[PDB]
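Residue numbers (this note's numbering), protein chains in the order written: chain A, -9 to 417; chain B, 39 to 466; chain C, -9 to 417; chain D, 39 to 466. Virtual Cβ for every residue (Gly too), placed ideally from N, Cα, C.
Number of protein chains: 4
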Amino acid sequence: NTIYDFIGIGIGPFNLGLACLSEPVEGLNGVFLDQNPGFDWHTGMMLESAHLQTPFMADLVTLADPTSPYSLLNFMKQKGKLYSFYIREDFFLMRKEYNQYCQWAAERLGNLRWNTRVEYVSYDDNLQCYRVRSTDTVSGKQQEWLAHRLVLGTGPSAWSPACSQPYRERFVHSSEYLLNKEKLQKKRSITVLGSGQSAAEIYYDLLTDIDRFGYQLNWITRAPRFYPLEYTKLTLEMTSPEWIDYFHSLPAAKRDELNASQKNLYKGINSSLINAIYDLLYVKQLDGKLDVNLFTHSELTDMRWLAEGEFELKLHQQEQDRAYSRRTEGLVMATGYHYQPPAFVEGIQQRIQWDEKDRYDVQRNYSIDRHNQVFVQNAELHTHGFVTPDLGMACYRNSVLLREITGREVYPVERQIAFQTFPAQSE
Amino acid sequence: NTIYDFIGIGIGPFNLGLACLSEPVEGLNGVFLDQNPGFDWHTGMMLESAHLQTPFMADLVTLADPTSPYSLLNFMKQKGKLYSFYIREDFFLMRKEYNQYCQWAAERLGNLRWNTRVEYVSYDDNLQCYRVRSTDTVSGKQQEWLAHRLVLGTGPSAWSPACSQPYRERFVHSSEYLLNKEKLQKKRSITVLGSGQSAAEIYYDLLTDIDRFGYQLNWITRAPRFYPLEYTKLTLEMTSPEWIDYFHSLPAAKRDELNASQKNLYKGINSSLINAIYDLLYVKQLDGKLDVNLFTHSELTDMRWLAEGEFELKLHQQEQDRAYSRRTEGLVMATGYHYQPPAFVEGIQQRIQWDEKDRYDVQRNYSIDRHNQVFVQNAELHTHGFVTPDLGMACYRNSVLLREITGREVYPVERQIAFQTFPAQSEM
Amino acid sequence: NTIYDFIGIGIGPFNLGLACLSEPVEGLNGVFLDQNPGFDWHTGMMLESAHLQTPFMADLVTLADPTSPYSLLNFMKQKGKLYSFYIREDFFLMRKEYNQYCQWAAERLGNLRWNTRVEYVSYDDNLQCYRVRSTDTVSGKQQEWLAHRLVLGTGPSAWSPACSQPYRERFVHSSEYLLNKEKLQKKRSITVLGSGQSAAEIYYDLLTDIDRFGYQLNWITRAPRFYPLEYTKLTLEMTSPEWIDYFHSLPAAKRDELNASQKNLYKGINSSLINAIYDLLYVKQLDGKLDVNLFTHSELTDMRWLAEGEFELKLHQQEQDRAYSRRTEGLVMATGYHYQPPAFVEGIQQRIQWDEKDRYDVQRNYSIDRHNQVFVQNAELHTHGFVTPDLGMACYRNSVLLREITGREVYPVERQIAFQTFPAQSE
Amino acid sequence: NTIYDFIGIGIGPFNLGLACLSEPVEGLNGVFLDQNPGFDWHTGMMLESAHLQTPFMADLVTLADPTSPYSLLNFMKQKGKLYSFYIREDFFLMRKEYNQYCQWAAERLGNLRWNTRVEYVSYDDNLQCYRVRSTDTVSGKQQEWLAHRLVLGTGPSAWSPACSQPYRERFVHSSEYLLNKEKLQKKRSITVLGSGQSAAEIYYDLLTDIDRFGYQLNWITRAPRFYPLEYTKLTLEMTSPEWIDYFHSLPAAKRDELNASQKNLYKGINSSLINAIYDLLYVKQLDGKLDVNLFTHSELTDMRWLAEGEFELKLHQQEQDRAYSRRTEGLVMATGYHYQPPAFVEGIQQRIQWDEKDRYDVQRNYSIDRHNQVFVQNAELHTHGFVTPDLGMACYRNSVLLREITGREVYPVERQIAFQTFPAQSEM
Ligand SMILES: Cc1cc2nc3c(=O)[nH]c(=O)nc-3n(C[C@H](O)[C@H](O)[C@H](O)COP(=O)(O)OP(=O)(O)OC[C@H]3O[C@@H](n4cnc5c(N)ncnc54)[C@H](O)[C@@H]3O)c2cc1C
Ligand SMILES: Cc1cc2nc3c(=O)[nH]c(=O)nc-3n(C[C@H](O)[C@H](O)[C@H](O)COP(=O)(O)OP(=O)(O)OC[C@H]3O[C@@H](n4cnc5c(N)ncnc54)[C@H](O)[C@@H]3O)c2cc1C
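As structure tokens, then:
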């Protein structure tokens, strides 16, 4: 019967944000569909010690509306622990607590529909809207949802280098780490492959028990250094509306060349952790020479499993321009995630703007179609820059989505916060 | 004419808090009276570098209700700078910003009445309520306000030692520092007298320009050391409902001895600042021997002004048990504040419970009468302990006041926040 | 045959300091006797994470003589790791590294005699000097050493409350913790009793594994709070020659009343650790209500072992003035150490100045006799104040010992470093 | 008359280091020549608040020999303040203190010859050694020094963009900042041009008094961001012998591309300072909109002085690829320093190995001749990488110089300090 103003497909932290922000808006009928039974965010990398890299004000709502009851501070109050959080005096939430908070919010909301796997989406020429075919996971029932606008907040999927595909059975991706940790620690050697925060957290986790179990503990990365995530406040001003307006110079190549070489700004390791790793190598080394190796500049060219019972990683050191091999029993592939458009998007291919490399040619308002109806959350890294996976700019993006969806500026979008001037400007 | 559910007398940060918390409550008609023309908090000490000692969640409302539009985060949002505050990533507001924030809140509110000096309060036996006689400061106009309940957020007054009263004209209390700074810095010698955060902030401020002007810069304190404010997280659990219950059940004599021995918990200097002062003495000393003196254990016994154009401070070093004199032109008296019950309370003396030392015998719900009608904000240090001047426990206190005023629990009041157990407690 | 200028009895870090400082002094013939086979300092509290509470410049020599080859910096250089230490950029040595450093120094020195248990000391009226009777631990051989002066750097011994003596067999002192940890963690409940750094380190160690094993983890202390060690720089000026001169007001009672109530200055917990404990309680509590109890103001009045298989601690909460009981299976008594004069001192009792409570009536130059010949290192807390167990004032004390022993001021003693004036002073 | 084992020309912190390290070596007769009257290091940038970017163990000697009496810790001891330094508990010396320390060392040494400008150097074929012709700055007297080996610690010179040369009289280089500060602060507008630590320190210094004087305070940089100096400990392992060996084996073209892409490793701003600048902009902005501008990606293409009494900076924003102009009265050119071989090196051109770009083809032992006799301190950035201006690798370099000069290894030279492996390396 009744057409929705928008349907959100996927309830990651971004669409969960949109949901908290959209619920109290007058005359906005929106619904969110997810296939899982509840919210559960990236639980394979929930080590006890792990925090977010982002202060708590980058919760679901506060940067758009601090008065929202879905705030992290309000959560803390309802759980009856806000004074403890006050005494803690720490800007950075534990991942476990953020996950608990997101679950509390998802439970409180009314506009979420869990256990709803979207199977196909199509544009109905006769009704002039989008038709979303779902399947209820608990009952099997088929249902169709009508909507003027879609907002695609699907997650990305685990990614390993192309040459590793034949050994998926042996190595463990970061996402499978916690489950296979006990099995890894029984091995003679472990190698973490990858540059980011996940790799570092894992490396630190294993380094903790290097004296307790046998293992050699290696870390190989393509990155030129173990670079920290750049957190100096003048650079943080680049994660801003003003910079994003600037960044829409509109020259795509520049954008793509900028995104390689701005990796300090989004793909870095938390500075504290790099230093904690050095300090732990130092402390462990007091009992004897440690059996560790750490390489940089190193691309994985090929790999192979030997009868011996070991991997042989062929590596290319790009700076030196010289190839070399390394061996390991255990292999943790902390190579992160890649977004690729979900199966259901096949049904609206001709309605989507694609760029030269067959990804979404995303517009400034986060839209993927030719009429401001199909929007995307995350997966605009190539055209909106390093700011896209940031929870800190979730409220910004959600606020402009709500502006497009509803016509009005529902949440005011702060477009002059920064001391710098980014574009050229004469006097 | 119309009887109020409660009247707040005084609009400091505590009653301004109560005001933000009470405004949206259904079936609560409250009003707040203050004699000043607007909110303007401790502007003599409002130095550019000065922060609050307390994270921003101890704003007017957040610890009772983070969704309130009077929150510091909402203020930051409406001013259009929340992202800058996010980048700053600092828990501690500048005093200048807190003051700007409190002013914004006071402006937004409807329940505040400025320029209204309360002159007398009395209990009307026939109407069975309190009668508050005010005077408009600008026009002189008399008005009477009727109310079932009062909440006294009058605040404490600046205090200097008894022997200093004859020289009020020459020395400067910390509260008047910024107005007299330029006049102090022209002098040959300045002496900060007192141990607290204000003393230290002033000492640091003056030490910054010791190179630039002539002055000798002295610091004398009665305190045994320049003790820091204890800010380790296990001690912060003592600023909790459970500790306050514990403290309030301890005999009257015990509580007073606790308040004199627990000055590191509330009357201390922020440890960063103590260290910044040492580091600045170190850096300044690289150009020559500094002209500074710092004494401890030293009680001011007497003072006097000489024809020469100098004070002579007579001091007694209590540990050594030996007297000595010191000289100074400028004198900053950073000796803090003392509460004494305001003039208007004379009219309800018979209705107030007094303890053995003629102060309010305050009950656990912050009430001073025999019927839960006259409440106090920040005059219960002697019965509720070191947590009383804390902005961090303003929402707690306001939340229990609102529970008494309106019989329901309007904002949830934690009974238990802490991992420690303070009172004795047997197992099984 | 030949009389020594001084003999040091005991080679703790204090006499080991004196030894490094005395070795290069011209015309000073001194020797140091210890019963153990080498240096090994307080190895029961060497947890991996534990640091000293004192910057590395408070090593054996640097505050008296930074050019000494026994410096921590020189140690780091000879081991070939000084650049690593530079990158670490941490003032506070790991206890394990300090111990390794002290061992390196002890090995390099020539004036140390290990495996030499002093059995008796006496004053020879005819030779007019001290006669020290030793026993070689490896060979059994008796030997006598002659000396004009003695410097007693014996360690203190483990101490538990008087009421605990009948249960020495069941509870574990902090010094026995590492050995009994595995046995403690199998129990249903553990209780750390005591206020200091040791108690806190242990509490943190056990709290780490509270989710992994069953246990209830309690902490009871007589202290009014879990007070931190006061490290603010204006208070650190009280650990200074100028303050020590002041502190010799000469009124003993004041000194004794000062030493209770100056416990923040020497008996505190490192601030970082208190906060790390709060932060870890916070993180653990995310999985469920934690089974922990923490009491303060609580004196242990009596204890008893029940047939049930549990201790019953009777406690008195001194502030509230109310008694209460608590139960626990495991009991870690982190009640620290007490010095008492060693057996051999019996032979020179009449030559030693004793005060009203039968401890050494120590003079300003650290001497215990009536002629500036018998000196003591540590064990002058009652008359020199909170500064005495500090490694930071080891060089100061050693420098004044060398001044008394040799007559000359061998190492200059810095007597005007402090911005404050401590005594009364008119103008 | 007497032939020296080596002569050091220039007494910067590097050759002053070599001097302290060489003095106690048996059978080493060395002497050091400098044209100035004493040691006085970068006094235009010696602001009260300014620290070194490098822990105190990177003093003149400690990383080669902590027992040396020229150590910073020994200095502190002789001055009678080591306990104060212990209480300070800060790894980073104030520049003023480092300067005082270097002066104390220079005074204690015997092997330094001040007021001695080297004018020409030549190789004597018959004596088989180097002949160094000096001129006494005070008296004009000529002297010739003979030596088997030279070590050139001349240092780099202040550098401004090519288009600025006609206005040297009006703008101020960072090196002349403290002398011209009072004159800058009288102006209506000031513009700091440049990205580095000096620029930032100056910008912070001026921002402090933006309230007090009129000025507009601008900051323009060619750099893409105000990048911090990378100080995370895994990256600090790149300042190591193993990394330097790795760097020096990379083809000439590769090394030059590395030195332009690795400016965060040596030409960055201290992260505390970047954040202190943001925090100070934040605090100042509480009184009104600040009159500041900050541009990035901006190359200075041209400049010109107008009759009005102002510069007009023409800038090109390289990322956007768009030109724009800006105006300023005061101009601080914080564009750093460049090495170019001093005049005297003309006389030994034929004896020096030159690379494809006419700079010294420096060998791994820091030598520039074909026989391990002419060495350089801090002119090998193009062949030994980003670690060259680091005081932290001064003792390393001095230790290998001493090994070449005297054939024995006088101070032990680490081959391997780091947990990482930088070059490719196969297993078995
Ligand atoms: C310089 C300074 C800094 C401080 N900083 C902090 C901090 O960072 N964090 C923290 O937790 N605590 C701090 N404190 C402690 C505490 O927060 C303050 O003392 C606070 O102002 C006290 O609260 P109040 O409501 O009593 O305030 P007050 O400012 O005393 O408010 C009282 C108001 O009532 C009015 N009044 C009095 N009598 C009458 C009458 N008869 N009729 C009408 N109006 C009347 C007064 O004019 C005034 O406006 C600080 C104190 C000082 C002095
Ligand atoms: C403001 C500033 C701060 C810095 N701070 C740090 C820091 O904290 N940490 C760090 O690691 N690095 C720092 N650096 C980088 C580096 O340490 C300095 O550039 C250093 O001064 C360079 O070493 P030098 O030996 O070349 O010194 P210089 O000071 O350049 O010494 C050269 C000397 O040789 C003399 N000379 C030149 N030609 C002749 C001649 N023909 N005859 C006689 N004498 C001659 C000069 O007069 C001068 O006295 C800083 C640089 C600057 C500009």
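Residue i: contacting residues in chain B (beta-carbon distance under 9 Å)
| i | result |
| --- | --- |
| residue 499 of chain A | It is not possible to answer for residue 499 of chain A, since the shown part of chain A is limited to -9 through 417. |
For residue i, three-class secondary structure by DSSP
| i | result |
| --- | --- |
| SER177 of chain D | coil |
| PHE(-4) of chain C | strand |
| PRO151 of chain C | coil |
| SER61 of chain A | coil |
| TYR269 of chain D | coil |
| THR154 of chain D | strand |
| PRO45 of chain A | strand |
| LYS304 of chain A | strand |
| residue 426 of chain C | Coverage of chain C is limited to positions -9 through 417, which leaves residue 426 of chain C absent and any answer about it impossible. |
| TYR168 of chain B | strand |
Contacts of residue i in chain C (Cβ-Cβ under 8 Å)
| i | result |
| --- | --- |
| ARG453 of chain B | Going along chain C, no residue has its Cβ under 8 Å from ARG453 of chain B, so there is no contact; the nearest lies around 15 Å. |
Beta-carbon separation (whole angstroms), residue i vs residue j, contact threshold 8 Å
| i | j | result |
| --- | --- | --- |
| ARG158 of chain C | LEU136 of chain C | Their Cβ separation, rounded to whole angstroms, is 40 Å, which puts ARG158 of chain C and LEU136 of chain C out of contact at 8 Å. |
| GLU275 of chain B | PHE457 of chain B | 7 Å |
| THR411 of chain A | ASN331 of chain D | 6 Å |
| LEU290 of chain A | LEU270 of chain A | About 26 Å separates the two Cβ atoms, so there is no contact after all. |
| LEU276 of chain A | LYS67 of chain C | In fact, because the Cβ distance is near 17 Å, the residues do not count as touching under 8 Å. |
Partner residues on chain C for residue i, Cβ-Cβ distance less than 9 Å
| i | result |
| --- | --- |
| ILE77 of chain A | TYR268, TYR272 |
| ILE312 of chain B | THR222, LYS223, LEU224, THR225 |
| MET84 of chain A | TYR272, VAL273, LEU276 |
Partners in chain D for residue i, counting only beta-carbon separations shorter than 7 Å
| i | result |
| --- | --- |
| residue 473 of chain B | In the structure displayed, chain B extends from 39 to 466; residue 473 of chain B sits before or after that span and is not available. |
| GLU86 of chain B | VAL321 |
Residues that residue i contacts on chain B, provided the C-beta gap is smaller than 7 Å
| i | result |
| --- | --- |
| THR411 of chain C | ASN331, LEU332, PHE333 |
| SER230 of chain A | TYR121 |
Where residue i meets chain A, residues with beta-carbon distance less than 9 Å
| i | result |
| --- | --- |
| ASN112 of chain B | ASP55, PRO56, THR57 |
Chain B contact residues for residue i, given Cβ-Cβ distances below 8 Å
| i | result |
| --- | --- |
| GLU239 of chain D | The contacting residues do not exist; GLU239 of chain D stays about 15 Å from chain B at best. |
Chain-ordered chain A contacts of residue i [CB-CB under 8 Å]
| i | result |
| --- | --- |
| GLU97 of chain C | The premise fails here: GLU97 of chain C is roughly 17 Å from chain A at the closest Cβ pair, so nothing lies under 8 Å. |
| residue 3 of chain B | Absent from the structure is residue 3 of chain B, since the part of chain B shown begins at 39 and ends at 466. |
| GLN355 of chain D | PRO413, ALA414 |
Beta-carbon neighbours of residue i, restricted to chain C and to distances below 7 Å
| i | result |
| --- | --- |
| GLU87 of chain A | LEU276 |
**Report entry** Selection of the stretch 275 to 296 of chain A by Cβ proximity to chain C, strictly under 9 Å
**Finding:** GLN275, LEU276, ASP277
Report task. Can you give me, in chain order, the residues of the stretch 357 to 389 of chain D that have a beta carbon less than 9 Å from any beta carbon in chain B? Result -> none
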